[PDB]
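Asks: Here is the sequence, then the experimental structure:
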Amino acid sequence: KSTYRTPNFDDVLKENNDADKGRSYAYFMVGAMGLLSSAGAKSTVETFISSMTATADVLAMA
Amino acid sequence: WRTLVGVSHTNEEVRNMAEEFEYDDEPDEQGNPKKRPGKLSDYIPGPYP
């Protein structure tokens, strides 16, 4: 078999290969990841920082 | 006492409940012991010393 004969990739390829359409699809799935991860990081740093504020018993003696 | 407010009782109701008990206060100007009614920052007292 000649090395100029590429194997069969037909059953894994997209039948309509559009650059703009196929890139917007992939970036929308990583943006969803980055949106939720950025939301979960805010709730993590807020949980630890807020534990350093005045406790319930201290606030009662204001 | 303050943890019952907004959970099972009203603020004005818990205050009345706490005022029916007595707690140690700061000594007076001569240094004798004193007592005072309870506040919201106090803890629920037990029956035995």
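Replies: Looks like it arrived, so ask away. Residues are numbered from 1 along each chain as shown, chains lettered A, B, ... in the order given.

Asks: Break down chain B into its helices, ranges please.
Replies: Secondary structure of chain B (DSSP state H): helices at B:11-18.

Asks: Quick one: name the residues of it near chain A.
Replies: Chain B has residues B:2, B:40, B:41 near chain A, with proximity defined as C-beta under 8 Å from any C-beta of the partner chain. In short, each C-beta sits where N, CA and C put it, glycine included.

Asks: so who does the residue lying closest to the last one once chain neighbours are set aside touch?
Replies: Looking back up the chat, that one is residue B:41. Of all residues not flanking residue B:41 in the chain, residue A:60 sits nearest, at 4.3 Å (C-beta to C-beta, 6 or more residues apart in numbering or on different chains). By C-beta atoms under 8 Å, 6 or more residues apart in numbering or on different chains, the contact list for residue A:60 reads B:2, B:40, B:41.

Asks: any idea how far the first one lies from residue B:18?
Replies: This points to residue B:2. Look at residue B:2 and residue B:18: by C-beta to C-beta, to the nearest Å, they are 9 Å apart.

Asks: Return every residue with contacts to both of those two.
Replies: With C-beta under 8 Å, 6+ apart, residue B:2 and residue B:18 have common neighbours residue B:40.

Asks: Next, the contact list for whatever residue of chain B ends up closest to chain A, please.
Replies: Nearest to chain A, among the residues of chain B, is residue B:41, at 4.3 Å (C-beta to the nearest C-beta). Applying C-beta under 8 Å, 6+ apart, we find residue B:41 in contact with A:57, A:60, A:61, B:1, B:2.
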